[PDB]
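This report refers to the structure that appears directly beneath it.
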Amino acid sequence: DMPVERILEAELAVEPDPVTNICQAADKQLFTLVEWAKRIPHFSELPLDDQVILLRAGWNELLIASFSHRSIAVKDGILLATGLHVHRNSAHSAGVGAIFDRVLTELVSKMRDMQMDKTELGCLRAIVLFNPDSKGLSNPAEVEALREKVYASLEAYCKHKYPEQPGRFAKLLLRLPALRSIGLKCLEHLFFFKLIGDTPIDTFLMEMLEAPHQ
Amino acid sequence: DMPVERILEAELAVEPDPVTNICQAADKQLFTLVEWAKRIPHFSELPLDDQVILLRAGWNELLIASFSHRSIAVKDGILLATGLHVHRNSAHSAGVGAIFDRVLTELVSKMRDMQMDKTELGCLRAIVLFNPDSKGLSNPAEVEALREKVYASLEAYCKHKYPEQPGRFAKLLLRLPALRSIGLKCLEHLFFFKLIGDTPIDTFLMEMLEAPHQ
Amino acid sequence: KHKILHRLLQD
Amino acid sequence: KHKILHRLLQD
Ligand SMILES: CC/C=C/C/C=C\C/C=C/C/C=C/C/C=C\C/C=C\CCC(=O)O
Ligand SMILES: CC/C=C/C/C=C\C/C=C/C/C=C/C/C=C\C/C=C\CCC(=O)O
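If you read the protein sequences in the order shown, they are chains A, A', B and B'. A prime marks a further copy of an entry chain. Numbering-wise, the first sequence is residues 229 to 244, 263 to 460 according to the authors' numbering. Numbering-wise, the second sequence is residues 229 to 244, 263 to 460 according to the authors' numbering. For the third sequence, position 5 (counting from the first letter as 1) is numbered 475 according to the authors' numbering, and the numbering increases by one without interruption. For the fourth sequence, position 2 (counting from the first letter as 1) is numbered 472 according to the authors' numbering, and the numbering increases by one without interruption.
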């Protein structure tokens with residue numbers, strides 16, 4: 229029903263001022279995010295309004311998980327989807343050093359140390375996508391059901407591919423609180439960049455900063 | 229090494263304007279939180295500075311997990327440690343309805359629906375306490391080790407006490423991202439109450455709002 | 471509503 | 471530093 233093979237395929241099919267470049271890349275990746283979500287089992291079957299809600303609720307965490315994992319072999323930096331490497335010194339010199347360091351310390355380095363693979367990344371992102379707590383969902387139980395199927399498949403995968411690591415499944419899930427926190431902080435930064443006026447923000451990224459409709 | 233029995237004992241030993267009453271109760275529970283942490287295996291063995299860091303980093307989530315679980319049998323409301331029941335209508339009439347509803351929907355109701363027990367609550371709180379991502383930690387690996395022991399014991403407990411529910415362990419861990427988000431939002435509210443000047447904030451709660459020391 | 475996202479999901 | 475918390479943990 230929720231084959232990790234499909235999730236892995238979704239990841240593989242999507243594979244490609264520092265702040266301005268990061269925002270530029272974020273807008274670009276939002277289009278790709280939609281294509282990725284469509285490839286995730288059963289997502290496109292959900293009603294259109296729920297698909298919108300899930301993507302608007304999880305895009306920032308989804309994009310952060312992606313560039314963090316893409317940056318595993320990068321030292322003290324991150325690799326943007328545009329091919330540009332952004333080093334810690336550059337982020338610090340732009341005034342966003344603290345949040346950049348959290349990404350490196352809480353996400354990139356942890357993914358690197360445990361050698362999180364693309365299948366695991368995919369499943370974690372699918373879990374984030376299928377967030378049953380997203381407000382407005384026409385049928386939260388259905389999304390919750392999908393989430394449960396994803397983590398059931400993920401745990402099965404972990405136990406099979408890494409039998410010598412009994413805590414790997416829990417380890418993967420325990421990076422989600424950090425991802426949630428970092429995602430919220432990155433969003434605050436984005437809103438401030440918008441507020442200041444400087445830093446160009448493209449249409450898709452800008453649309454994500456729009457208010458819902460109550 | 230990390231017996232769930234000890235964790236359960238810690239929970240049991242600690243057992244006892264809407265905003266003003268909530269803040270009042272929060273200050274009161276902070277003292278109790280320290281006593282609880284001391285009863286959690288190996289916490290008191292960590293260096294004093296790390297104990298401080300862990301408690302300053304997790305107190306809000308720790309307190310939220312506690313009152314949420316205490317409120318399971320409460321309908322559309324929460325039970326404060328002072329014995330006072332705070333209903334949704336009251337929170338809404340005080341201007342904090344949105345965050346109150348998130349607590350009820352994402353935490354209280356979920357805990358109720360799955361019948362999360364005190365041992366599970368205890369383990370989840372212990373995992374939150376032993377947060378290896380807390381900045382300044384003299385030895386993050388040690389805290390991470392403790393966290394791993396807690397969730398290993400928790401999963402063993404779940405599999406034994408609820409063999410018919412194979413996804414229960416993951417279900418419990420997946421409430422942590424919501425807890426992190428809600429904790430951050432509650433903190434923002436507290437800072438605003440402090441900023442406004444109205445709403446009395448007692449010394450311990452106030453100390454938690456103090457800046458660290460870089 | 472959210473113009474761009476709807477158009478992309480619809481396609 | 472954080473006076474109250476230190477005093478409580480010390481005890
Ligand atoms: C990298 C985040 C921390 C640095 C501070 C500046 C960025 C704040 C921007 C906030 C928007 C939310 C972040 C989520 C994803 C987009 C940014 C990252 C890279 C773009 C996508 C890519 O290249 O893979
Ligand atoms: C209950 C939170 C939502 C309502 C809005 C008002 C509260 C904001 C206060 C923020 C402080 C952080 C919250 C964590 C814990 C303390 C508040 C809850 C109850 C006090 C402890 C208790 O009675 O068990």
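The beta carbon of each residue, even a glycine, is placed where N, CA and C say it ideally should be.
Legend entry - Which listed residue (A':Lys431, A':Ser427, A':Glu390) has its alpha carbon closest to that of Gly413 of chain A: The option with the nearest alpha carbon to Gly413 of chain A is A':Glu390.
Legend entry - Rounded distance between the beta-carbons of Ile428 of chain A and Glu366 of chain A, thought under 8 Å: 18 Å between Cβ atoms; not a contact.
Legend entry - chain A contacts from the stretch 377-401 of chain A' (Cβ-Cβ distance under 8 Å): If you check each beta-carbon in the stretch 377-401 of chain A' against every beta-carbon of chain A, the ones closer than 8 Å belong to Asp379, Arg393, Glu394, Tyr397, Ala398, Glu401.
Inset, instruction - Compute the distance between the beta-carbons of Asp273 of chain A' and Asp444 of chain A', then report whether it is under 8 Å. - result: The answer is no: Cβ separation not under 8 Å.
Legend entry - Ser312 of chain A vs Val354 of chain A beta-carbon contact at 8 Å: Not a contact, by the Cβ cut-off of 8 Å.
Legend entry - Short-range partners of chain B' found in the stretch 301-313 of chain A', where Cβ spacing is below 8 Å: Using a CB distance below 8 Å, the part of the stretch 301-313 of chain A' facing chain B' consists of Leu301, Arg302, ordered along the chain.
Legend entry - Counterpart residues of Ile324 of chain A' in DSSP-defined beta bridges: Answer is A':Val332.
Legend entry - Any non-hydrogen atom of ligand 3 closer than 7 Å to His288 of chain A' Cβ: Because ligand 3 does not appear in the structure shown, any question about it cannot be addressed here, the ligands present being ligand 1 and ligand 2.
Inset, instruction - Between the Cα of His333 of chain A and those of A:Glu401, A:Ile268, A:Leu309, A:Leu279, spot the shortest distance and give me the residue it belongs to. - result: Comparing Cα positions, the closest option is A:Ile268.
Inset, instruction - Could you run through the stretch 289-300 of chain A' and flag, in chain order, every residue whose CB is less than 7 Å away from some CB of chain B'? - result: Using a CB distance below 7 Å, the part of the stretch 289-300 of chain A' facing chain B' consists of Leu294, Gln297, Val298, ordered along the chain.
Legend entry - is_contact[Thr449 of chain A, chain B] using C-beta, thresh 8 Å: By this cut-off, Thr449 of chain A is an interface position.
Inset, instruction - Consult DSSP for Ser384 of chain A' and reduce its assignment to one of helix, strand or coil. - result: Note: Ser384 of chain A' maps to coil in three-state DSSP.
Inset, instruction - Would you mind giving the Cβ-Cβ distance between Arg302 of chain A and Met454 of chain A, rounded to the nearest angstrom? I have them listed as a contact below 8 Å. - result: About 7 Å separates the two Cβ atoms, so the contact holds.
Legend entry - Enclosing alpha helix (DSSP H) for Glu239 of chain A [first to last residue]: Boundaries of the alpha helix (DSSP H) harbouring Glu239 of chain A: 232-242, taken from the DSSP string.
Legend entry - Which listed residue (A':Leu451, A':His338, A':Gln460, A':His459) has its alpha carbon closest to that of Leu279 of chain A': Measuring from the Cα of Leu279 of chain A', the nearest candidate turns out to be A':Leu451.
Inset, instruction - Classify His315 of chain A' as buried or exposed, calling it buried when 16 or more other Cβ atoms lie within 10 Å of its own Cβ. - result: Under this definition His315 of chain A' is a buried residue.
Inset, instruction - May I ask which residues mark the beginning and end of the alpha helix (DSSP H) holding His435 of chain A? - result: Taken as a continuous stretch (DSSP letters only), the alpha helix (DSSP H) holding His435 of chain A covers 422-442.
Legend entry - Pairwise C-alpha distance: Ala238 of chain A and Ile286 of chain A: One C-alpha to the other measures close to 6 Å.
Inset, instruction - Evaluate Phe277 of chain A with the Cβ neighbour count: other Cβ atoms within 10 Å of its Cβ, from every protein chain shown; 16 or more gives buried, anything less gives exposed. - result: By the 10 Å Cβ count, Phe277 of chain A comes out exposed.
Inset, instruction - Output the distance between the C-alpha atoms of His472 of chain B' and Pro244 of chain A, rounded to the nearest integer angstrom. - result: When rounded, the separation of the alpha-carbon atoms in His472 of chain B' and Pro244 of chain A is 48 Å.
Legend entry - Nearest-angstrom Cα separation, counted from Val298 of chain A' out to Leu425 of chain A: When rounded, the distance between both Cα atoms is 24 Å.
Legend entry - Closer than 8 Å to chain B by CB, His459 of chain A: Interface residue (Cβ-Cβ distance to chain B less than 8 Å): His459 of chain A is classified as such.
Inset, instruction - Out of A':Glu410, A':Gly382, A':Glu388, point me to the one whose CA is closest to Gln460 of chain A''s CA. - result: When only C-alpha atoms are compared, the closest one is A':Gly382.
Legend entry - Sequence-distant residues of the same chain with beta carbon closer than 8 Å to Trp305 of chain A, five excluded per side: Cβ-Cβ distances below 8 Å link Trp305 of chain A to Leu276, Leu279, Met454 in the same chain, with the five nearest sequence neighbours on each side left out; the list follows chain order.
Legend entry - Test item: CB-CB of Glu401 of chain A' and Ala416 of chain A under 8 Å: The Cβ atoms of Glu401 of chain A' and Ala416 of chain A sit closer than 8 Å to each other.
Legend entry - Contact test: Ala337 of chain A' Cβ vs ligand 2 heavy atom, cutoff 7 Å: Yes, the beta carbon of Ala337 of chain A' sits closer than 7 Å to at least one heavy atom of ligand 2.
Legend entry - Cut-off 6 Å between Cβ atoms - residues of its own chain near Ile324 of chain A, not counting five sequence neighbours on either side: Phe313, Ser317, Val332, listed in sequence order.
Inset, instruction - Check each candidate in A:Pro264, A:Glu281, A:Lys364, A:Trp282 and name the one with the smallest Cα separation from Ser339 of chain A. - result: Comparing Cα-Cα distances from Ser339 of chain A to each of A:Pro264, A:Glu281, A:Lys364, A:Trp282, the minimum goes to A:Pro264.
Inset, instruction - Closer than 9 Å, Cβ to Cβ, to anything on chain A: give me those residues from the stretch 414-426 of chain A', in chain order. - result: So the list reads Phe415, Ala416, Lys417, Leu419, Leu420, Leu422, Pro423, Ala424, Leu425, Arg426, given in the order they occur along the chain.
Inset, instruction - For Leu353 of chain A, name the three-state secondary structure that DSSP assigns. - result: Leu353 of chain A falls in the helix class under three-state DSSP.
Legend entry - Straight-line Cα distance separating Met360 of chain A from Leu420 of chain A: The alpha-carbon atoms of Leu420 of chain A and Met360 of chain A are separated by roughly 13 Å.
Inset, instruction - Within 10 angstroms of the Cβ of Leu441 of chain A', are there 16 or more other Cβ atoms? Answer buried if so, exposed if not. - result: Label assigned to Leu441 of chain A': exposed.
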